[PDB]
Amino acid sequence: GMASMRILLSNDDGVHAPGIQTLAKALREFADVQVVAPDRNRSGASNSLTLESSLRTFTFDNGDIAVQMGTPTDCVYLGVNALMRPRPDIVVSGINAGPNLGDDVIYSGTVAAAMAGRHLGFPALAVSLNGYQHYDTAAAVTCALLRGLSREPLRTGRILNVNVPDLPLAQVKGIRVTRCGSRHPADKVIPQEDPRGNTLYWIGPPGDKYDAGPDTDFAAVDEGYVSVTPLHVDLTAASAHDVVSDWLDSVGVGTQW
């Protein structure tokens, strides 16, 4: 090999989490790896960033950096811009304890860290295990995608959201290029009272699967395939443009007549 791959590895479960550590070990067999991860579990962090306060880092013995109270996007931000010199080739996020599928991915901090590395030399990898058993399987899948990214460049798509079925590698049927599924709106809130009679509120479970069709990420994983979905950060709903414009004319907003 003419060049080593330099990987900024991050996650969302925290620097000590089994996921990030199993993958770290796997990647280190053939790549330079720098972990920059949250100091504790930050699931549900989405693409949040720390703007109101400065961030404190702690470096471990194996060279791992943890950002205290830092979101996954903080980590990737500091890794790319300040802490890795030169900047990394690519960001790998994961392996996450649990799936990031369908319309849940906008809340995923795992995905968020991958999206913060979208402007690097290789497309970012978000890697989630559909469970907690086979981190080894997901590490193998990642190492394969990294191998694949260096045999031939991926020309389009700055983010690959990867979901790995929780099976031993031998039982994974393969890989499907998929689109994000969708859910019926979530509406469950679990209230619990405190000792003083005050009502406190837990955010309940996701909504029921709604678009879990054959071409979706929900289906692929259910059928034992690694789901790969190219993602972007553009949130424009382009198909709604005309309807919105016509509506405005229709109700006289922005126009005199």
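Start at 1 and count along the sequence shown; that's the residue number.
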| task | State which stretch shows the higher mean Cα B factor in the entry: 99 to 107 or 133 to 141. | result | 133 to 141
| said: Tell me which stretch, 231 to 239 or 5 to 13, has the higher mean Cα B-factor listed in the entry. | reply: 231 to 239
| request: Could you check 91, 160, 78, 170 and tell me which one carries the biggest Cα B-factor in the deposited entry? | output: 170
| Of 49, 212, 200, 55, which one's C-alpha B factor is largest in the deposited record? | 212
| Going by the entry, which third of its chain does the Cα temperature factor of residue 220 land in? | highest
| query | If you rank the chain by CA B-factor, which third does residue 155 end up in: lowest, middle or highest? | reply | highest
| request: Using the B-factor values recorded in the entry, state whether the Cα atom of residue 37 falls in the lowest, middle or highest third among the modelled residues of its chain. | output: lowest
| remark: residue 146: CA B-factor among chain residues, third -> middle
| field | Entry-reported Cα temperature factor of residue 31, expressed as the chain third it lands in | value | highest
